[PDB]
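Quick note: residue numbers are just sequence positions, from 1. The figures that follow rest on heavy atoms only: side chains count, while hydrogens, waters and symmetry mates do not.
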Amino acid sequence: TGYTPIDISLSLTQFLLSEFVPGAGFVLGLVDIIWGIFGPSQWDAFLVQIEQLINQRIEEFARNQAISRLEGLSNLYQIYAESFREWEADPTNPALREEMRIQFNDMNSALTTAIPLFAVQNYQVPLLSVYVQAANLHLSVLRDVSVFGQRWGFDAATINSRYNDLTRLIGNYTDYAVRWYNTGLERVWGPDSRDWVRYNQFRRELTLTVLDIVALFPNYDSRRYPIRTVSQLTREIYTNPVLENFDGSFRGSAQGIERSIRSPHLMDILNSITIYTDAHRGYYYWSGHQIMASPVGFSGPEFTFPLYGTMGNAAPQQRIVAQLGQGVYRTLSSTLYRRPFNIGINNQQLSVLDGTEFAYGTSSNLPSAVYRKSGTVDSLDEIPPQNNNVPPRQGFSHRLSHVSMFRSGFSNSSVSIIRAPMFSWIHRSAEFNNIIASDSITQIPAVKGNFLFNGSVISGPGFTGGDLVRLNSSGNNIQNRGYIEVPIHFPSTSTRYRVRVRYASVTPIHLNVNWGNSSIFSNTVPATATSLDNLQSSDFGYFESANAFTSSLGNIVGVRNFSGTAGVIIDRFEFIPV
């Protein structure tokens with residue numbers, strides 16, 4: 001196959017993003033993508049994928065115990081799934097209802113017992129992806145009993161008790177996973193470029209196999225999400241062909257490489273990249289470039305970033321239009337390393353790109369844009385498809401959101417030149433527009449807004465699928481009130497929507513939600529957190545408009561912080577069709 005846990009996880013994410021609704025389909029999805037396997041192979045592969053990265057194998061007894069238990073859970077969940085399917089086909093049947101009650105208890109009990117074995121002391125990191133798979137299944141099964149347990153014949157006390165388990169464990173599993181993600185990532189940090197490559201690889205691979213799945217855990221709260229709900233993952237992950245295809249190591253460069261990534265920002269759409277070519281001893285290369293981007297929904301003028309790298313004129317500038325079709329899904333780069341025996345200003349070490357093909361996502365086909373030539377350092381190896389049953393240009397998992405640059409040296413005066421374009425990839429669930437569905441709960445992260453006043457975009461804690469918006473206090477000035485505004489599009493003009501906001505606050509705070517020019521909520525909302533600096537799962541709460549409205553109110557939604565002294569974090573807006 002050539003498949004890894006990264007491929008499998010991306011496919012699970014596609015499923016959880018588009019089919020997050022209770023019923024037989026969800027249960028059978030999980031068997032099809034993850035739990036329907038035979039034997040230890042898949043599980044062993046999940047462990048190897050992290051073990052080989054941190055260069056540490058799990059102690060052999062604990063390793064075999066974890067694998068062995070996952071096999072048991074798989075067998076048991078296959079039986080549960082089949083019983084569920086049979087029950088759904090004939091729901092009033094008391095034999096099938098009794099079998100669901102027994103199967104749920106066995107599944108619930110088995111998972112509660114198994115999970116600590118995926119959290120074994122000194123091996124939490126390499127066990128983290130199987131931990132998260134088991135957690136996911138557990139929350140799934142607790143959600144099942146919450147939605148269907150009455151129909152199965154459980155009493156109200158048992159149902160409410162299992163529901164309280166669900167909401168608590170959404171929190172505990174999330175905090176555990178993020179904690180060990182942070183700890184694992186930090187242990188892999190080092191001062192040189194080889195360390196940075198490993199560090200970013202850890203970030204990338206565990207974003208795909210852990211954090212992306214953890215960001216969907218809140219969706220399991222059936223009282224909060226009683227119908228289908230669609231999340232959007234706005235976080236960016238990174239490739240860097242020059243650094244990642246380099247067998248040596250630039251000393252002390254790790255910090256500089258990490259800082260070449262741009263800081264937290266409102267989501268934008270990459271429109272074009274204009275690449276400048278420089279040359280040395282007949283070797284032509286990508287010396288610098290300029291990015292042009294738009295706000296979400298193309299809802300404001302195109303803006304230009306400051307020049308990346310240096311503006312060479314060894315050949316004419318080339319404008320690559322990124323935003324054709326579904327955008328650029330893939331880069332195929334040619335790396336150029338020059339390492340002469342005798343180096344100097346007239347005979348430089350070069351670490352650069354002498355070519356890149358930019359390939360487009362498209363439901364048919366579009367010729368690639370090519371800077372000079374194609375190459376074989378392929379983003380698809382690190383940023384694989386979410387659906388490998390169609391061609392990659394249709395089954396892609398990410399879109400190119402930005403290109404920045406790690407750079408060192410000047411062509412006129414340095415012995416060593418590094419120009420290492422940093423490619424930034426956003427998950428394709430981050431839609432170009434904010435489109436409100438009529439038959440599901442649409443989640444729109446606040447970082448998908450296009451106007452932020454007296455506030456800033458801050459790094460997410462790792463479990464929200466992206467970054468967050470912080471609205472500052474006014475300093476008791478009514479004209480200086482923190483505001484985030486989000487452009488939205490309603491394909492259905494008759495559906496009525498309640499607007500719910502997910503937020504974090506240390507003190508009770510007065511917030512105003514506008515839909516168009518109309519205020520649909522203006523009240524104090526409770527404190528949810530002890531600190532805005534170290535967010536855990538339970539620090540996020542919800543408030544909502546009491547009434548429901550239609551798109552006649554307008555094409556923007558916003559939140560304003562009325563407090564003169566306190567700040568607030570906005571995660572996302574949620575539209576609930578009534």
Side-chain angles (χ1 to χ4, degrees), residues 16-17 20-23 26-27 30 80 101 104-105 107-116 118-119 131-152 154-180 210-231 440-441 443 445 460-465 468 498 500-506 525-531 534-544 569-574 576:
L16 299 173
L17 283 168
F20 214 115
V21 57
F26 195 101
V27 166
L30 290 189
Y80 173 99
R101 291 197 314 273
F104 164 77
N105 288 337
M107 209 52 251
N108 190 25
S109 166
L111 276 162
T112 307
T113 291
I115 276 168
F118 310 135
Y131 179 99
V132 171
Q133 288 300 332
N136 177 66
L137 188 66
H138 198 200
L139 297 175
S140 188
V141 165
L142 290 167
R143 189 267 261 105
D144 288 342
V145 78
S146 297
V147 176
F148 301 110
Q150 175 173 20
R151 282 168 275 185
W152 297 343
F154 281 122
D155 51 312
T158 307
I159 286 163
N160 285 285
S161 183
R162 294 295 82 88
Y163 176 79
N164 292 331
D165 290 339
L166 173 62
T167 60
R168 167 179 58 90
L169 290 172
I170 285 173
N172 300 343
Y173 293 154
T174 294
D175 293 339
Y176 176 97
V178 174
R179 164 169 210 164
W180 288 104
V210 171
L211 302 186
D212 282 353
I213 298 156
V214 166
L216 302 181
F217 283 3
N219 293 353
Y220 284 115
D221 184 346
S222 39
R223 296 190 189 167
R224 199 69 76 175
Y225 304 99
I227 62 167
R228 191 171 163 260
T229 194
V230 181
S231 295
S440 57
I441 300 164
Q443 303 180 11
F463 57 79
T464 62
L468 299 165
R498 171 171 297 113
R500 193 211 265 151
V501 178
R502 191 166 193 266
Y503 77 106
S505 196
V506 302
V525 299
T528 64
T530 76
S531 172
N534 282 292
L535 299 168
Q536 68 183 75
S537 185
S538 60
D539 293 338
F540 281 96
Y542 294 87
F543 69 95
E544 61 195 40
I569 292 170
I570 310 299
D571 175 17
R572 67 208 191 205
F573 298 77
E574 302 189 332
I576 309 172

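- With values rounded to the nearest 0.5 angstrom, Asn105 atom CG is found 9.0 Å from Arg101 atom CZ.
- Contact check for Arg502 versus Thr464: side-chain heavy atoms found under the 4.5 Å cut-off.
- Side-chain contact between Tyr176 and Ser537: absent, with no pair of heavy atoms (C-beta onward) separated by less than 4.5 Å.
- Looking at every heavy atom in both residues, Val230 comes nearest to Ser440 through CG2-OG, 4.0 Å.
- Around the CZ atom of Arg168, the shell of radius 6.0 Å holds more than 12 heavy atoms that belong to other residues, nucleotides or ligands.
- Annotation: side chain to side chain donor-acceptor pair (under 3.5 Å) contacts involving residues 211-224, sequence neighbours excluded, comprise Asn136-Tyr220, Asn160-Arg223, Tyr163-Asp221, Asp212-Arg235, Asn219-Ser231, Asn219-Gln443.
- Residues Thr158 and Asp155 bring a donor and an acceptor atom of their side chains to less than 3.5 Å of each other.
- In terms of modelled atom types and a separation under 3.5 Å, the side chain of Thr528 and the main chain of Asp539 share a donor-acceptor contact.
- Counting heavy atoms from C-beta outward, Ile213 and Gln133 have side chains that approach closer than 4.5 Å.
- Rounded to the nearest 0.5 angstrom, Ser505 OG and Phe540 CZ are separated by 11.0 Å.
- For the pair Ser161 (side chain) and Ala157 (backbone), a donor-acceptor distance under 3.5 Å is absent.
- Contact check for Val132 versus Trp180: no side-chain heavy atoms found under the 4.5 Å cut-off.
- Summarising the geometry, atom CG belonging to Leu535 is positioned 10.0 Å from atom CG belonging to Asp175; distances are rounded to the nearest 0.5 Å.
- Under the side chain to side chain contact (heavy atoms under 4.5 Å, CB included) rule, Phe463 has a single partner from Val178, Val210, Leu211, which is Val178.
- For the pair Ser146 (side chain) and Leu142 (backbone), a donor-acceptor distance under 3.5 Å is present.
- Residues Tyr225 and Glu574 form a side-chain contact, since some pair of their non-hydrogen atoms from C-beta on lies under 4.5 Å apart.
- Between the CZ atom of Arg228 and the CD1 atom of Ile441 there is a distance of 10.5 Å, given to the nearest 0.5 Å.
- Within the 4.5 Å cutoff, the side chain of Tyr173 has heavy atoms near those of the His138 side chain.
- From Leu30, atom CG reaches atom OH of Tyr80 across 10.0 Å, with rounding to the nearest 0.5 Å.
- At least one side-chain heavy atom of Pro461 sits less than 4.5 Å from a side-chain heavy atom of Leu468.
- For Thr174 (side chain) and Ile170 (main-chain N/O), a donor-acceptor pair under 3.5 Å exists by modelled atom type.
- Taking the centre and axis of the six-membered ring of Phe26, the NZ or CZ atom of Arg143 falls inside the cone set by 45° and 6.0 Å.
- Using modelled atom types, no side-chain atom of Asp571 and backbone atom of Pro445 make a donor-acceptor pair closer than 3.5 Å.
- Between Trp152 and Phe148, the two ring planes are parallel [angle under 30°; tilted spans 30° to 60°].
- By the 4.5 Å heavy-atom criterion applied to side chains, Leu216 and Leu17 are counted as neighbours.
- Looking only at distances, no side-chain donor or acceptor of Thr113 sits under 3.5 Å from a matching main-chain atom of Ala110.
- Geometrically, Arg151 does not engage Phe104 in a cation-pi contact defined by less than 6.0 Å to the ring centre and at most 45° from the axis.
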Would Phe543 and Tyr503 satisfy ring pair (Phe, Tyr, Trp, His ring centres under 6.0 Å), going step by step from the backbone distance to the final call?
CA-CA 8 Å; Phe543 69 95; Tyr503 77 106; 5.4 Å; yes
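- Minimum interatomic distance between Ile115 and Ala134 (heavy atoms only, all atoms of both residues): CG1-CB, 4.1 Å.
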